[PDB]
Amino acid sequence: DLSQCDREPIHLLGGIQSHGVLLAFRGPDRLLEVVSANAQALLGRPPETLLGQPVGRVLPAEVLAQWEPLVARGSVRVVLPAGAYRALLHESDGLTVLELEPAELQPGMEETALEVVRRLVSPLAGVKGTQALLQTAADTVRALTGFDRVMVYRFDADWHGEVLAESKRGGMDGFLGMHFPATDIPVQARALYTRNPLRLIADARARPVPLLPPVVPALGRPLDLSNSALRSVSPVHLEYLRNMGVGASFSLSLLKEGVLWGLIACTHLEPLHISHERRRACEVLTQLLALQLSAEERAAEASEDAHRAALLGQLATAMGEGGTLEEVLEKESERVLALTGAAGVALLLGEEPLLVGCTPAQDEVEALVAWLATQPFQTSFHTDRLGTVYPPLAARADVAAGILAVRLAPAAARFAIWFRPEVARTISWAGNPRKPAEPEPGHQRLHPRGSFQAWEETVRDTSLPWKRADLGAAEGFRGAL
């Protein structure tokens, strides 16, 4: 992909976080093949001397005595000398990978989890706007995690993001409404998070624990840690969190109708571990928000549709109430523009264009009509930045930053073109986006940027996007012309 942020193979770093232990076994004798260098944390004896041993001679009796439900469920609670641990299994590179990490200590967590689910599945939830949905999603995740700050972060069209909503304890500073470059979460990070929706950085300042040996010897590269709960993250991102003053981090992928829409990102000023079962509870809340968002969006799409269907009906009644088509369209100007949420429309019904609302002058309409007759667009053409593809109108963002054109004749140049002004938006970046990272001379190390202080730009010359109901309304109005 684009830069070297994207090139770091974050699933192949060969380290796990220090609060857990990892063990990987091969073949039917279950021979210890990959083990973390801290494995004495939970194995009585030094890990390098257990490379090669069958699992019955490696693992504590405790874990062994739970081996059956472990194998069949992929997850079980074990009570070690060192406390209650949560043991997880998965498969990677032809190995069975056992991960142990401290287990949930509150017997009532799940009970607490069901109560915050209620807040978010609630009878008529999200009824005071989807902003209120985002806030409640932030509120319930922080209520359940104890994280100092919880945010809802949304990826925009170019994969830079913005904070839509924030929930934070009193005195925490936040980033509500701020924008962040796409490189802050690079492309191979976003692909990993599409397949693994959860990740915890329990202590941003702790050192990664290496795996032994540093390659899986069959393959000659490190063990793949894509599906590991204990995967230690890219050192650059740990530096990023240090620069933010963040001691611990936990984020959840928001997948909406197949694709990565955003994250629920949590941060804490001190280290903080969240149990595997408490993070699975937070995942239920994220899927719940994604469900509520989809439901609310489809409903909005449906209600908008009915509005445009009401309109063409009111225009149909209006025609055939007397007069010519140009006559009734002129009187029904407001409805004609409403169909696509436009400020103006030019109709080429044969002769010189009929100009309704604010449109460019007659001559600019004639030039554009002649140019649209050249392009390939089947039946309808639309853009929200006319000026990047049609320079003669590039300076008239006041009346024609976006257009929506429909063909009224096969080879002839007959069209309805709706126009939209620009919509200026003043955005605050968290840091200077022209300098999204501080590379070392020679560009081999790379470091995060040093400051996240507000940096303001106004985006000009672009209209509100054309909505699906806009294109539907226009297609339906071609018949009447």
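Note that residue numbering begins at 1 and tracks the sequence as displayed.
Higher mean CA temperature factor between 32 to 40 and 65 to 73: 65 to 73, per the PDB entry. The PDB entry records a higher mean C-alpha B factor for 409 to 417 than for its counterpart among 409 to 417 and 50 to 58. In the deposited coordinates, the residue among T286, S92, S380, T267 with the greatest CA B-factor is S380.
Per the deposited coordinates, the residue with the largest Cα temperature factor out of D398, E104, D363, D148 is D363. The PDB entry assigns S275 a C-alpha temperature factor belonging to the lowest third of its chain's modelled residues. Looking at the C-alpha B-factors along this chain, the one for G262 belongs to the lowest third. When the CA B factors of the chain's modelled residues are split into thirds, the value for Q135 lands in the middle one. When the modelled residues of the chain are ordered by their C-alpha B factor, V423 lands in the middle third. Compared with the other modelled residues of the chain, the Cα B-factor recorded for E296 ranks in the middle third.
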